[PDB]
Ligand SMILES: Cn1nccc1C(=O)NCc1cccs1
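Encoded as structure tokens, the following chain is the form solved without the ligand, with no partner shown.
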């Protein structure tokens, strides 16, 4: 039985509006409705992993697992295994996998973050799950962010709190938040970003939706506009949206958007919006292709429609050689030439680097770099040819070229990371000096850059 080099992942997000689901929700798992939909010829082909995020979920874990497993069984005739389930208030994540994957999945982690203080702490936040699938780390975040058209900044703040404080993945990666811990990170939920147009334009918006003319609406979608101004979700991707706004519907039909202010909305308008979203971030030069992104048309118990997205994701095998794991492979080395960090910090401390990778027995600390002043005000930290030679556990190029090196630049004075990034070893050549580059972030905000050259030696 060969180990896979690709899997398919289903991501679902549904705000259930505190109502039980209808008797049939199979269209969700089949990626059928509006948008980028899945070919009918694939309907019986199970995805490898199904990750279901709900918000305003009124069901017990048991009740929802029942419905999910029986839905997938009906579609695929496969009885899925429960990998993980985690609930914060009415925010829930379920991970199901094909039974053949049970012994490929390990290191399962779950966590939650509650957003806001006092007033604003009590129902919003995120749940998440991570695990290893053979040699590949996978993370999944389901967030329900702050509601309301005039709270996009609160949503951005909720995002930064979730990525700082959600404790998933390898705890040995101590300088790195969830946006660097995983080969593939999927972040979905009722993100609650709105179409920012005047209230008086509600009927115009509805008209545009009926004509399937989304362009003048997406140009005002707060998540796209905040992303474009680097205010949120820096270095995440989203597939093009080709489905109608998924909020706010009258229940039991999809023929009507309910946008007018009511006591029940706190006298707020809910103009039709793409509240319900799926984004991802994968390490550089790893295969990840979105194969569906849309909304169902036939599930109408909630004022939201379910959203689906599916992905092809590259995975690697759990590599064993004669040497590592348990020792180094002298035939392998990673060298860095002419490297420097460019930092936005106004501070003057010395900096050193940390290299972290599962291709190393443990993380590697560099000597301090030499600070110089950039021509436009910047701090430039020069490492020249001074960076250590990294000694991987396995030299086989079929392993080593699939790996990644996480870099943290840390203050000598405080040992706090000022910036984190990631370098792919999927090089055009071995034994050859080649440019490398990563942006550096801290709390998911841009803090600088790291660039230089790499020289990778493999056994070939």
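Numbering follows the first chain given and starts at 1.
The mean Cα B-factor in the deposited entry runs higher for 255-263 than for the other of 255-263 and 104-112. Between 121-129 and 304-312, the higher mean Cα B-factor belongs to 121-129. Of the candidates 42, 393, 407, 425, the one whose C-alpha carries the top B factor in the deposited record is 393.
Of the candidates 335, 276, 240, 237, the deposited coordinates give 335 the top C-alpha B factor. Among all modelled residues in its chain, residue 411 ranks in the highest third by Cα B-factor.
In this PDB entry, residue 190 carries a Cα temperature factor that places it within the lowest third of its chain's modelled residues. In the deposited entry, the Cα temperature factor of residue 86 sits in the bottom third of values across the chain's modelled residues. Among the modelled residues of its chain, residue 387 has a C-alpha B-factor that falls in the highest third according to the deposited record.
Among all modelled residues in this chain, the alpha-carbon of residue 27 has a temperature factor (C-alpha) in the lowest third.
The same protein also has a form solved in complex with the ligand, omitted here; what follows describes it.
101 is the sole member of 251, 101, 268, 344 with a non-hydrogen atom lying within 4.5 angstroms of the ligand in the deposited bound form.
Proximity to the ligand in the deposited bound form, taken as a non-hydrogen atom within 4.5 angstroms, holds for one residue of 334, 379, 195, 83, which is 83. Remark: of stretches 140-148, 104-112, 251-259, 301-309, the one touching the ligand in the deposited bound form is 104-112 (heavy atom within 4.5 Å).
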